[PDB]
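Just the one chain here, laid out as structure tokens, in the form deposited in one PDB entry.
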């Protein structure tokens, strides 16, 4: 019936970010976790959340802040020479213990402390992170394969290209730009009125898969030029079988895990809990769902799969069946390796840039930043223009920009693990320091929770 038709849209909207994030994770973590592990985690946790989750509307999947934390912890472990996949196991153990502690007491008291200020700053930071990662990957591609006059005839291609290649960088840039352009034009077409309504909504729903298909075909019919493709195992296998297996031994894989890190892995668990709580506040709003999500993440850390987040009677059962089918098909997607291996990473990074740009649409901070470059009489009819003065609004925006810059600097420094703590430090900034400068009347308008 229509259930199988509704399954397809959820499947594609849950698969394209899944494969994109799997590629990004494989690049950042030296392929220690890749597309296969993320797909297996998404499938298993989706099945469990569909069978026994409180709110079926929540889809459990990987996200940007989790990727940033994984990159930061990988950098920390490679700086201190630690077993990263084994440290994640103790992170999961401490997350489970924190889940038990939250269950014992009441965790709904801290929900109301998060306001629009922190959420908007967090989303803007995530969008900037996406854009920066896309452009950094483009710069690395152009650095690895420079535009030279003469290239070597026969370079080794078994692990990867060992030298510069003629058309790799320019074609990668073309593929990224074309993917982004087609996705944006399909989004713009979705809100237009150029075809019949059913066709318009259908094509706009599948804009990302259509753009991906177009650009993969474009690179497919180009024969002799090399582009970096997605690394997918043929079966239900670990990406890097040389580094890790399936069950990660908590007492070290190669060398013995130190006791000091075994006891100090509670602080990274606190950071993970803060990140998941903030993204749930952004999306979900529920302590049962948080219970389930963090518990499944802690359990999956033991088997090497990553933790995820809650990104967003008969009808409830229909949602149960829909979620179960989407999770099962996401799990079976790893068996479709001949298709996934032909997808260039340039298309995936174009989709990454598209997501980063389109996450800025509903951001009031982004609109208020755009108001910096307009004359004062072009401001829209929003309550934070007529009720507050222009320079007060600009000062509010400047303080938010200063907070964003401090967060970016903290991310850049080697102490990038403490980014969730610095991010959550903005809550007492709004509750304590902002009332000193601004007035209450200005603050309710600039920080309205509607």
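Note that the rigid core is defined as the largest set of C-alphas that superpose within 1.5 Å between two forms. Residue numbers count along the first chain shown, from 1.
Another form, the form deposited in another entry, is not on view; read the next lines as being about it.
> Would you say residue 390 moves between this form and the one not shown, meaning its CA shifts by 2 Å or more once the core is fitted?
Comparing forms between this form and the one not shown, the residue 390 CA shifts below 2 Å.
> Does residue 263 show a Cα shift reaching 2 Å between this form and the one not shown after rigid-core superposition?
Yes, because once the rigid core is superposed, the C-alpha of residue 263 moves 2 Å or more between this form and the one not shown.
> Specify closer or farther for residue 354 and residue 11: how their Cα atoms are spaced in that other deposited form versus the shown form, given a shift of 3 angstroms or more.
So the answer is closer.
> Where do residue 37 and residue 210 end up in that other deposited form, Cα atoms closer or farther than shown, with a change of 3 Å or more?
Compared with this form, residue 37 and residue 210 lie farther apart in that other deposited form.
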